[PDB]
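Structural characterization, general
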Amino acid sequence: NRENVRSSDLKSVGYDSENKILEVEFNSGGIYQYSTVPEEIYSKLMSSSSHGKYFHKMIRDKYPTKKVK
Amino acid sequence: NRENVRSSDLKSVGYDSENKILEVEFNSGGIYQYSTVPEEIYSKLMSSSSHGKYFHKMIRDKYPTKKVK
Amino acid sequence: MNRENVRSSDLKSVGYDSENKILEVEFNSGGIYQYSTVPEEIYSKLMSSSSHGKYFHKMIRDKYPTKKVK
Amino acid sequence: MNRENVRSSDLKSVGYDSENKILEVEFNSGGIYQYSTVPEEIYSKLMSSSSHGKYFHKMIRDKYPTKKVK
Ligand code: NA
Ligand code: NA
Ligand code: NA
């Protein structure tokens, strides 16, 4: 479900628009799920010139987060 | 600016079209805020049969949820 | 037919799903978006309107849950 | 409803909302963490536990989506 990405930080990104869950794979190896993420956040994250900078600015710490790997 | 239709087990429901945030009170006393909730989600919440059922199917776990009281 | 074409300075084609209440709008600029919990009548007024752009602006956009499909 | 105070070496108050599935834990460090999709019965075993901390760390932490709120 995860579309590949470029950042020095994250490898792939998946979205469940039906349930508002973002899923991010990171280059280190960890996979993390983000809850109640609005649609355009996922859109803006995917159309950012930098994917890693948008994540730390607008996503990390600001949505409920669970680890998956 | 709020209104007790109750529901399957709701208490009171209010909204801010101007800010796109929903407010919902529960029978256990709590009141929760929901952000970036589009207008018609708030409307056909209220035209629905049982509004808790809608809440639990179409709002819970889907918008930025923030305790207010 | 997925989407029926539309003459507008803004909208290109519109399609509707009677079952899951999803409207699909394509724009002359290329974007495609699905609109959830859209009532049948709302899709009817949009197609019957004399300015699809003006009806879309007033009665659809930023009012129903929006998803970008293209 | 506000949080209930608690006897633990790690947390100090806990509130729950059966309908929403929102847990709220206030720690003996001073943060408040909010846990989503927590079933009603996990919250009860927590308030009923001989050690709230040993239960929370084993069963709730790193098992439900978490968000810092204070
Ligand atoms: Na980067
Ligand atoms: Na037009
Ligand atoms: Na303890």
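Counting starts from 1 on each chain and goes along its sequence as written, which need not follow the entry numbering; residues with no coordinates are hidden. Both sets of labels track the order of writing: A upward for chains, 1 upward for ligands. Calculation of side-chain values draws on the structure's entire complement of heavy atoms; hydrogens and water are dropped beforehand.

Naming follows the PDB entry, where chain C appears as KTSC domain-containing protein of Methanolobus vulcani. Its official PDB title, as written in the record, is "Crystal structure of a KTSC family protein from Euryarchaeon Methanolobus vulcani".

Per the PDB entry, chain A goes by the name KTSC domain-containing protein and belongs to Methanolobus vulcani.

Moving on, we come to the overall build of chain C. Numbered from the N terminus, helices here are DSSP runs of H or I no shorter than four residues, and strands are runs of E no shorter than two. For chain C, the helix and strand inventory stands at 2 helices and 5 strands. Ordered by position from the N terminus, the helices and strands of chain C form the series β-β-β-β-α-α-β. Scaling as 2.2 N^0.38, a compact globule of 70 residues should have a C-alpha radius of gyration of about 11 Å, and chain C matches this with 11 Å. Oriented by its inertia axes, the alpha-carbon framework of chain C measures out at about 30 × 25 × 25 Å. The globule rule used for comparison is 2.2 Å times the number of residues to the exponent 0.38, while the radius of gyration itself is calculated over C-alpha atoms.

Our next topic: the interface of chain C and chain A. The contact definition used throughout considers only heavy atoms, calling two residues in contact when any of these lie within 4.5 Å. Every contact between the two is made by 4 residues of chain C and, on the other side, 4 residues of chain A. Buried area: the accessible surface (1.4 Å probe) lost by two parts on joining, summed over both. Interface area for chain C against chain A, summed over the two sides, is near 280 Å², with a carbon-plus-sulfur share of 40%. Three residues stand out in chain C for area buried against chain A, namely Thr-66, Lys-67 and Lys-68 of chain C, and they jointly supply 91% of the buried area on that side. The working definition used for a salt bridge is a side-chain nitrogen of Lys or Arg within 4 Å of a carboxyl oxygen of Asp or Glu. Connecting chain C to chain A are 1 salt bridge. Across the pair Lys-67 of chain C and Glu-18 of chain A runs a salt bridge whose closest N-O atoms are separated by 3.7 Å. Any N or O atom pair separated by 3.5 Å or less is treated as a polar contact, with the protein-specific requirement of one donor-capable and one acceptor-capable atom, and with residues adjacent in sequence counted only for side-chain atom pairs. Across the chain C-chain A interface, the total number found is 1 residue pair in polar contact. In this classification, the charged set is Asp, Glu, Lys and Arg, the nonpolar set is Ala, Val, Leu, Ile, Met, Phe, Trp, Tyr, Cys and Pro, and all remaining amino acids, among them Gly, are polar. Across the side of chain C that touches chain A, the residue classes break down as 1 nonpolar, 1 polar and 2 charged.

The next subject is the arrangement of the chains. For this structure, the chain pair with the highest number of contacts among 5 pairs of chains in contact is chains B and D. Chain C makes no contact with chain D; the smallest distance between any of their C-alpha atoms is 21 Å.

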